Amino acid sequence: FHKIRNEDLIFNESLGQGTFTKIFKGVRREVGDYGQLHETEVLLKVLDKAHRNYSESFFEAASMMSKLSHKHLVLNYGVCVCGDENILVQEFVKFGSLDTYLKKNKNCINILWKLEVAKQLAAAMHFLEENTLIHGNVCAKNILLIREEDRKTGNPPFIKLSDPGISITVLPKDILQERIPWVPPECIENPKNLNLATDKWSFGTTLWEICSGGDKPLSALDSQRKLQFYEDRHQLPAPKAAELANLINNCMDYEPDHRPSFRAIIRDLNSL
């Protein structure tokens, strides 16, 4: 990662929190192309000082994905390691995370919008699968909306997948349980079961989010009941808009080896 000076970063408003991180909108002063000076909006992801032990996991995962440039993968500008904070300096996506976008725009979003976003997310995941890179935290919060749909120009929405974050292979067990049903059953049984098949399960959960107006599946269940949900081998309820429910359930297969390839997922999406 390119090293960015603290003096060249301005921290502005808080945009919430991630997993052991605090999120800020900011500005980066930089020399750009042709030597032109720019002040660039950036997303600043700040690893909590009280969790400095997780620093390696978060930045290594952001790094590994940043080694694969792709139109549906978020761009990382570099890191700021000045002072006592570890900061990922990321592109600022205008419309933020999809989980909040789905809630705020539930009435406006139709099946065509959902299918397009699903197709784009599957394209990103197919790219990762072909490169044998595990994301490990596919969820609507980690889908960033670059561009809204514009029916006036027929422009579809455009999304990117955010950085993996701290690996579930090092996260505390209680955070993993709260991340049911995005974390697949085999990773609850053993977080070292993390595998490409992990992302197929979480992709199913993410489609469920996309189809559920920003609702969080199983949010009414506490961590103990989420554990028992997997023990009893339940599936998620079909979303009211059920057009993707079969695909959701096919992806959320309790047998990891039976989960379909992203190529097959894409073929299925193209058939709707």
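Rigid core: the largest C-alpha set superposing within 1.5 Å between the two forms. One rule holds for the numbers: they count along the sequence shown, beginning at 1.
- Relative to this form, superposed by the core, which stretch has the greater CA RMS in 4 other deposited structures of this protein: 241 to 249 or 59 to 67? Per-stretch check in 4 other deposited structures of this protein: the more divergent one is 59 to 67.
- Item | Higher-B stretch (mean Cα B-factor, as the entry records it), 217 to 225 or 48 to 56 | According to the entry, 48 to 56 carries the higher average C-alpha B-factor.
- Query: Which is higher on average in the deposited entry, the C-alpha temperature factors of 57 to 65 or of 29 to 37?
  - Reply: Per the PDB entry, the higher value belongs to 57 to 65.
- Task: Between 126, 106, 200, 71, let me know which has the highest C-alpha B-factor in the entry?
- Result: Out of 126, 106, 200, 71, the record gives the largest C-alpha B-factor to 106.
- Deposited CA B-factor, highest of 168, 145, 88, 122: Going by the entry's C-alpha B-factors, 168 comes out highest.
- Of the three thirds of its chain by CA temperature factor, lowest, middle or highest, which one includes residue 193? For residue 193, the deposited C-alpha B-factor lands in the highest third.
- Task: Could you say whether, by C-alpha temperature factor, residue 132 belongs to the lowest, middle or highest third of its chain?
- Result: Tercile = middle for this residue's CA B-factor.
- Taking the C-alpha B-factors as the PDB entry records them, is residue 141 in the lowest, middle or highest third of its chain? For residue 141, the deposited C-alpha B-factor lands in the lowest third.
- Message: Lowest, middle or highest third: which one holds residue 236 when the chain's residues are ordered by CA B-factor from the entry?
- Response: Residue 236: CA B-factor falls in the lowest third of its chain.
- Item | Ranked against its chain, the third holding the CA B-factor of residue 185 | Middle third - that is where residue 185 ends up once the chain's C-alpha B-factors are sorted.
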